[PDB]
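Engineer: this one's experimental. Sequence and coordinates below.
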Amino acid sequence: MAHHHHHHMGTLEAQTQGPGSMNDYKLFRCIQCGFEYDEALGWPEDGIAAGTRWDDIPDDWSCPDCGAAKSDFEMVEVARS
Ligand SMILES: [Zn+2]
């Protein structure tokens with residue numbers, strides 16, 4: 001009769017989120033879903049490099065999360081002070 005059991009390992013923090021805000025970068029949050037973009041973090045999945053400004057981001061660029069437009073983003077001030 002088997003009496004072996006497994007235990008849950010718990011939480012492995014694989015995120016480690018934290019962009020170094022050494023320069024005043026902004027946040028841009030999609031209003032259609034809540035996708036928050038940090039200019040200091042960038043989005044390497046699309047090719048957006050860390051430090052790329054919203055102005056440098058192509059007008060044809062869409063929210064990688066849902067395909068919402070740039071006008072679907074809000075400019076969020078960074079309270080990391
Ligand atoms: Zn979105």
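Structural biologist: Looks like it came in fine. Numbering: from 1, shown residues only.

Engineer: quick one, strands of the chain?
Structural biologist: 27-30, 36-38, 73-76 (DSSP state E).

Engineer: tell me which other helices or strands the second one touches.
Structural biologist: Just to be clear, that refers to strand 36-38. strand 27-30 (3 or more C-beta pairs under 8 Å, 6 or more residues apart in numbering; DSSP states H and E). Any C-beta I mention is one placed from the backbone N, CA and C, and that applies to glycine too.

Engineer: swap in 10 Å and give it another go.
Structural biologist: strand 27-30, strand 73-76 (3 or more C-beta pairs under 10 Å, 6 or more residues apart in numbering; DSSP states H and E).

Engineer: how far does it sit from its chain's centre?
Structural biologist: Relative to the centre of its chain, strand 36-38 is centred 4 Å away, using C-alpha atoms, centre = their mean, to the nearest Å.

Engineer: ranking the helices and strands packed on strand 36-38 by burial, who's on top?
Structural biologist: For the helices and strands packed on strand 36-38, the largest average neighbour count (mean count of other C-beta atoms under 10 Å) is found in strand 27-30, namely a mean of 19.

Engineer: what strands line up against that one, and which way round?
Structural biologist: The strands that strand 27-30 pairs with in its sheet are strand 36-38 (antiparallel), strand 73-76 (antiparallel) (by DSSP bridges).

Engineer: the first one: which residues count as buried?
Structural biologist: When you say that, I think you mean strand 36-38. Applying a neighbour-count criterion of 16 or more other C-beta atoms under 10 Å, the buried positions in strand 36-38 are 37, 38.

Engineer: among the strands paired with strand 27-30, which comes closest to residue 26?
Structural biologist: Nearest to residue 26 among these is strand 73-76 (5.7 Å), distances taken as C-beta to C-beta.

Engineer: does the ion have contacts with that closest one?
Structural biologist: No. No part of strand 73-76 sits near the ion under the criterion C-beta under 5 Å from the ion; the closest distance found is 7.8 Å.

Engineer: grab the CA positions of that strand and hand them over as CSV.
Structural biologist: Output of strand 73-76 as CSV, limited to C-alpha atoms (Å, rounded to 0.1, in the frame of the first residue of the first chain):
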residue,chain,number,x,y,z
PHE,A,73,-3.0,54.0,-23.3
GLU,A,74,-2.9,56.5,-20.5
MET,A,75,0.2,58.4,-19.3
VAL,A,76,0.8,57.4,-15.7
